[PDB]
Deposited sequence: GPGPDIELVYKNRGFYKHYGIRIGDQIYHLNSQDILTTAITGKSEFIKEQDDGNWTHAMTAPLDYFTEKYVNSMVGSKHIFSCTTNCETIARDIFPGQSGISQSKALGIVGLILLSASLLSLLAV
């Protein structure tokens, strides 16, 4: 399963997402510094609005090997239950909360490092 990383440029940083079909998984955040420092994040899964930019496509491993191999916690109210099926298909023994942890760290890390690219 090649995974597509996407982003929206918010000028002072890039806000990243994972695009699966016509859906984007991303953090419900307006600023990377606030999210990083407060240490908690809420996930959204949202219809693709057409305003996302491709970053790269790669096996999940390309990302988790960077950003995953931290104390931040990641939650979702509704509609993110599909994340294990979407990003970790076939693999049982992976819960919502865990999958969210892995993908959350990828997105947080990429957004934090984007401070250098402004």
Fill in the blank from the handout: No C-alpha coords for deposited residues 1 to 3, 73 to 76
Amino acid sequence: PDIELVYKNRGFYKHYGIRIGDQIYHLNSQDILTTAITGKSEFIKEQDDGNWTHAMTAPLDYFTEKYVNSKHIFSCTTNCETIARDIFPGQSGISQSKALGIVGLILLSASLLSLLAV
From here on, numbers count along this sequence of modelled residues.
Problem - Between 8 to 16 and 95 to 103 (mean CA B-factor, as deposited), the higher - result: 95 to 103
Practice task
Take the C-alpha B-factors listed in the entry for 73 to 81 and for 59 to 67, compute each mean, and give the stretch with the larger one.
Solution key: 73 to 81
Exercise for the section: Just say lowest, middle or highest third for the CA B-factor of residue 112 relative to the other modelled residues in its chain. Expected result: lowest
Fill in the blank from the handout: Chain thirds by Cα B factor, record data; residue 34 belongs to the middle
Practice task
Comparing against every modelled residue in the chain, figure out the third that the C-alpha B-factor of residue 53 lands in (lowest, middle or highest).
Solution key: lowest
